[PDB]
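**Q**
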């Protein structure tokens, strides 16, 4: 309806995109350190068997 | 059996590094968004300055 | 790690002594329950030809 400035909407879209990027970073941080805990059971982990 | 456990651990660590690569890519994406915003803001100021 | 596993597998498979000759057994000196080393003579094989 042409009420608010365009730089305000630009800054809103940029914020949403940045938040998406940060969530991707967090998900990736989780995916790593899940490669170590692949085995379901604690007694079957490679370190314990050694 | 000891040698096999060592092999499994090495495989897991390599997988972890490969995931860290994706994490760094996400960081690049967020920085790129920040740069794009800072560039958009400046191009609004030149016509005013002229 | 694969190199380390192959060495272990070789060590395990060499627990069966094999005769590199088609001959006849002459001076057996190994008895069950014996503790042997890579220098202990076990028996002999003498070919019937040449």
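Protein chains in written order, with UniProt numbering: chain X, 152 to 201; chain Z, 102 to 151; chain A, 202 to 251.
No residue lacks a Cβ here, since even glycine has one placed at the ideal position from N, Cα and C.
For the segment 164–195 of chain X, list every residue whose C-beta sits within 8 Å of some C-beta in chain Z, in sequence order.
**A** Taking 8 Å as the cut-off between beta carbons, the residues of the segment 164–195 of chain X near chain Z are 165, 168, 169, 172, 173, 175, 176, 179, 180, 182, 183, 184, 186, 187, 189, in sequence order.
**Q** At a Cβ threshold of 8 Å, is residue 158(X) touching chain Z?
**A** Numbered from 1 along the first chain, position 7 holds the residue referred to as residue 158(X). Interface residue, yes.
**Q** Distance, Cα to Cα, residue 216(A) vs residue 209(A)?
**A** What you label residue 216(A) is simply residue 15 of the third chain in a count that begins at 1. What you label residue 209(A) is simply residue 8 of the third chain in a count that begins at 1. Each residue's alpha carbon lies about 12 Å from the other.
**Q** Considering residue 138(Z), what are the terminal residues of the alpha helix (DSSP H) in which it resides?
**A** On the second chain, residue 138(Z) is found 37 positions in, with the first residue counted as 1. Note, residue 138(Z): alpha helix (DSSP H), 103–144.
**Q** Kindly indicate the opening and closing residues of the alpha helix (DSSP H) around residue 182(X).
**A** Residue mapping note: residue 182(X) aligns to position 31 of the first chain, counting from 1. Counting along the chain, the alpha helix (DSSP H) containing residue 182(X) begins and ends at 157–182.
**Q** Quick check: what's the CA-CA separation for residue 203(A) versus residue 110(Z)?
**A** Start at 1 with the first residue of the third chain, and residue 203(A) comes out as number 2. Start at 1 with the first residue of the second chain, and residue 110(Z) comes out as number 9. Their Cα atoms are separated by approximately 12 Å.
**Q** Going along the chain, which residues of its own chain have a beta-carbon closer than 8 Å to the beta-carbon of residue 227(A), five neighbours each way excluded?
**A** Residue mapping note: residue 227(A) aligns to position 26 of the third chain, counting from 1. Closer than 8 Å at the Cβ level, and outside the excluded window around residue 227(A), lie 244, 245, 246, 247.
**Q** Would you list the residues sitting across from residue 226(A) in a DSSP beta bridge?
**A** Within the third chain, numbered from 1, the residue matching residue 226(A) stands at position 25. The partner list for residue 226(A) (beta bridge, DSSP) reads 246(A).
**Q** Using a C-beta cutoff of 8 Å, does residue 246(A) count as contacting chain Z?
**A** Within the third chain, residue 246(A) is the residue found at index 45, counting from 1. So, not an interface residue.
**Q** Along chain A, in chain order, which residues have C-beta atoms closer than 9 Å to that of residue 118(Z)?
**A** Within the second chain, residue 118(Z) is the residue found at index 17, counting from 1. Result: empty, since nearest Cβ-Cβ is about 15 Å, beyond 9 Å.
**Q** List the endpoints of the continuous alpha helix (DSSP H) containing residue 199(X).
**A** If you number the first chain from 1, residue 199(X) lands on position 48. Counting along the chain, the alpha helix (DSSP H) containing residue 199(X) begins and ends at 197–200.
**Q** Out of 119(Z), 142(Z), 121(Z), state which residue places its alpha-carbon closest to the alpha-carbon of residue 156(X).
**A** On the first chain, residue 156(X) is found 5 positions in, with the first residue counted as 1. The option with the nearest alpha carbon to residue 156(X) is 142(Z).
**Q** What residues from chain X crowd round residue 109(Z), counting only those whose CB sits closer than 7 Å?
**A** As a working note, residue 109(Z) is residue 8 in the second chain. Within chain X, the residues near residue 109(Z) are 197.
**Q** Using three-state DSSP, classify residue 148(Z) as helix, strand or coil.
**A** The count along the second chain starts at 1 and reaches residue 148(Z) at position 47. Looking at residue 148(Z) - three-state DSSP - the assignment turns out to be helix.
**Q** Whole angstroms are fine: how far does the CA of residue 121(Z) sit from the CA of residue 113(Z)?
**A** In the second chain, the residue the question calls residue 113(Z) occupies position 12. In the second chain, the residue the question calls residue 121(Z) occupies position 20. Computed Cα separation, rounded: 13 Å.
**Q** Closer than 8 Å, CB to CB, is residue 206(A) near chain Z or not?
**A** Within the third chain, residue 206(A) is the residue found at index 5, counting from 1. Yes, contact with chain Z.
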